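A single chain, nothing else alongside it, follows as structure tokens in the form deposited in one PDB entry.
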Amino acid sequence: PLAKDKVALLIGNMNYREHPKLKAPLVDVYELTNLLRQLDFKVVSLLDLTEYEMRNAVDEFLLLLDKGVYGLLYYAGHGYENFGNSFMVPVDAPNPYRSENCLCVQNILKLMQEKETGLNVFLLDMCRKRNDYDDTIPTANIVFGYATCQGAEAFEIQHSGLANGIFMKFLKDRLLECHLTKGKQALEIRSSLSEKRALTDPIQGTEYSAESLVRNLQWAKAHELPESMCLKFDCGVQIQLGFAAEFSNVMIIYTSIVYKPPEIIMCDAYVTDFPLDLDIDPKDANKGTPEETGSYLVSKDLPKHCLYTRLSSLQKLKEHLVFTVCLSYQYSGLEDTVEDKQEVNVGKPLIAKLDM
């Protein structure tokens, strides 16, 4: 068959405020978005959403689900279940959980089933609490997937490894064209298909469509990365300031000295003074690999020799992304290093441009 569009939303919640902090979602969201973009999906990938951010994100995904489109929703993070109703827990949720602070899976699912979409895929990779087992209880083209592990230890053991994410295996094996570890865990996959649907089905391809143009530009607005800069410093140094997206809400910056002038024999440069809403620890800025910042991106896909800084949390940017690049310089016979600065405005990078 054909897809009228291919749209995907991936949420990975990790940095929980009142609950144990998970680690696996970063990896598996990155890997699955890589897969999905190779399958022609436009993808949003958001780490660490609070209830409000998470609800706004899901609502705009649901607003893109239209007659004939193929929609994938993926969640990883803490979940709970009560009485047949499963809940995705946002990172700001209190302890104990409540339904009031959480997004109910079944509500998203009944809204996905409403649309007359050509394929709905909804995959959940939940860490349950230890004792939170299933309860005693009494369409469109749909694939529902639901994985559980009991406890963060079992979750993080089973998700340890590269490439071994349950739903990425499932989609590769079953929707195109990892040892069992200790603990309690479960997988549920349910499907109802009128005809065969696959993620490799062509998009119904338009030369001349306003609707297609709107869909592409609405997503592309949320993914404008800053136009990489080279800063002139008046002492004759030039510092190159480069950018990369790791997620829709995570940007890596990389600073490098592109040259020193004749008179300067020692030079060093770095970034500081980021917006407070992003909560950047400066010990996790200015590192000598992007791996040291906590990025999936490596020093062999990002360019060499830079100081690397990871700006996560870009959806929390109230205003403009503004920072100071600092220079240290030392003249050919001088006893002391000179310091210099310039302030950079970087705009509203990535999902920060939605301004919500």
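We call the rigid core the largest set of C-alpha positions that still match within 1.5 Å between the two forms. From 1 onward, residues are counted along the sequence shown.
Keep in mind the form deposited with a partner chain bound is missing from the figure; the text below concerns it.
Taking a 4.5 Å heavy atom cutoff to the partner chain in the deposited bound form, the contact residue among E263, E156, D273, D279 is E156.
Look at 280-288, 207-215, 248-256, 78-86: in the deposited bound form, residues with non-hydrogen atoms within 4.5 angstroms of the partner chain sit in 78-86.
In the deposited bound form, the partner chain sits within 4.5 Å of a heavy atom belonging to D28. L199 falls outside the set of residues with a heavy atom inside 4.5 Å of the partner chain in the deposited bound form.
In the deposited bound form, at least one heavy atom of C127 sits within 4.5 Å of a heavy atom of the partner chain. The partner chain is not drawn, but in the deposited bound form it has a heavy atom within 4.5 Å of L22. Residue displacement note: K221 has its CA displaced by under 2 Å between this form and the one not shown (rigid core superposed). When the rigid core is held fixed, the Cα atom of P94 travels less than 2 angstroms between this form and the one not shown. Superposition on the rigid core between this form and the one not shown places the CA atom of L276 less than 2 Å from its counterpart. Inter-residue distance, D277 to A152 (Cα): increased by at least 3 Å in the deposited bound form versus the depicted form. Put simply, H159 and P25 spread apart in the deposited bound form: their C-alpha atoms are 3 Å or more farther than in the form shown.
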